[PDB]
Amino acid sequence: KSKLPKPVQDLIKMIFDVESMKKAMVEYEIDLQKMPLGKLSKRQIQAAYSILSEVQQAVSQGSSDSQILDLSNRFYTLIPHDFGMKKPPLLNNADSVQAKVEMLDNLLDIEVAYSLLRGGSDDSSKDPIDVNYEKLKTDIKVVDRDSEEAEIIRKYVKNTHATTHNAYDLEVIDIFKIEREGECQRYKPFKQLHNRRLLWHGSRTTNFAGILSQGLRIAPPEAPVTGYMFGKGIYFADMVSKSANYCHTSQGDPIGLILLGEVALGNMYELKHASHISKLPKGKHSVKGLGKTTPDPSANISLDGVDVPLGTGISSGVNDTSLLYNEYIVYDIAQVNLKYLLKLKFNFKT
């Protein structure tokens, strides 16, 4: 039925916990009585995403309340909502839509874990976990907290944690040398570039499912342009906390998982002001966003090629930037490979 160490089990389930996946669709106010996990789909969410963009060009170009209104109505039709007896919010405030973008985004992954799990259960193998874990196509290699590799990972978390995120705290618990389904032959031609470094990348536990079926993806095409500060692409941080801030956990759930991986940054194009990048300047490969504080460069290990900014993040010279901390964004899925997949508690400050 099984064999995976306890920590692996406490994981394989979280990934397919069809229960939570519901409490999540609920959080976004969905009428789970017309839009259940069973009738989800990329191609549908995609239509949702597209409606959202036809609303960005709406306000911007200045559109008749009629048009603004129609749009908002279609969106709430192709994506049912359960408000109760309260007036359905408006979608013409940029902030309003962005809220929806975040929503539609966290959804994408969900459609996977289910449709991906709504089958494959026939050849009587082992306990439910094995039949799923197997389809992960990800050798969830195990790591020891008292050997070598992990030894370093310890340092990372501890230091890369911002002073402005003192609303909770971390506590290393599980390290697992995750290894995708041959994403190796993919990230190899992307060695031809300097700048190999391990950065974070947090998310919602309900998401870490498809993050393995076909790793970190970039906002599909139909996504709104002004949806991201540096455009549609994979985002990374050299500050654990900041990336943790993307786990979204409450007092009754101080236990989400994070991830660590290296990207082929090559020659990074660093901005200090928001820009919805479409094409990289010729010669450039990635984009860095200079924040007001940064892992002290004076100190930071490395090896095997990759680099690690694990120095008491101090204040950089940049002082006309909008960001508070750094950001790294590459625009080619094949320009990244996942190495380790942590997980720790968030014991807040209620």
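Start at 1 with the first residue shown and count on from there. Whichever C-alpha set is largest while still superposing within 1.5 Å between the two forms counts as the rigid core.
Chemist: So, in 4 other deposited structures of this protein, taking the root mean square over structures and residues of the Cα distances after a rigid core fit: is 30-38 or 321-329 the more displaced stretch?
Modeler: Comparing 30-38 with 321-329, the larger C-alpha deviation in 4 other deposited structures of this protein belongs to 30-38.
Chemist: After a rigid core fit, does 274-282 or 200-208 show more C-alpha displacement in 4 other deposited structures of this protein?
Modeler: Checking 274-282 against 200-208 in 4 other deposited structures of this protein, I find the farther stretch is 274-282.
Chemist: Does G120, which is modelled here, drop out in at least a third of the other compared PDB entries?
Modeler: It is, since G120 is left out of at least a third of the other entries that model both flanking stretches.
Chemist: Hey, does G313 drop out of the model in a third or more of the other PDB entries compared here?
Modeler: No, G313 is modelled in every one of the other compared entries that cover both of its flanks.
Chemist: Quick check on the record: does 305-313 or 66-74 carry the larger mean Cα temperature factor?
Modeler: 305-313 has the higher mean C-alpha B-factor.
Chemist: Per the entry, where is the mean C-alpha temperature factor higher: 184-192 or 260-268?
Modeler: Between 184-192 and 260-268, it is 184-192.
Chemist: So among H201, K135, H276, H161, who wins on Cα B-factor in the entry?
Modeler: If I rank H201, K135, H276, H161 by C-alpha B-factor, first place goes to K135.
Chemist: Reading the B-factor column of the entry, which of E222, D238, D95, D127 has the highest value at its C-alpha atom?
Modeler: Highest C-alpha B-factor among the listed residues goes to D127.
Chemist: Report the third (lowest, middle or highest) to which the CA temperature factor of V59 belongs, ranking only the modelled residues of the same chain.
Modeler: For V59, the deposited C-alpha B-factor lands in the highest third.
Chemist: Sorting the chain's CA B-factors, does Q9 end up in the lowest, middle or highest third?
Modeler: For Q9, whose C-alpha B-factor we compare with every modelled residue in the chain, the answer is the highest third.
Chemist: Please place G227 in the lowest, middle or highest third of its chain by C-alpha B factor as given in the entry.
Modeler: Middle third, going by the recorded CA B-factors of the chain.
Chemist: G210's Cα B-factor: lowest, middle or highest third of the chain?
Modeler: Middle third by C-alpha B-factor.
Chemist: Ranked by Cα temperature factor within the chain, is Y156 in the lowest third, the middle third or the highest third?
Modeler: For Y156, whose C-alpha B-factor we compare with every modelled residue in the chain, the answer is the middle third.
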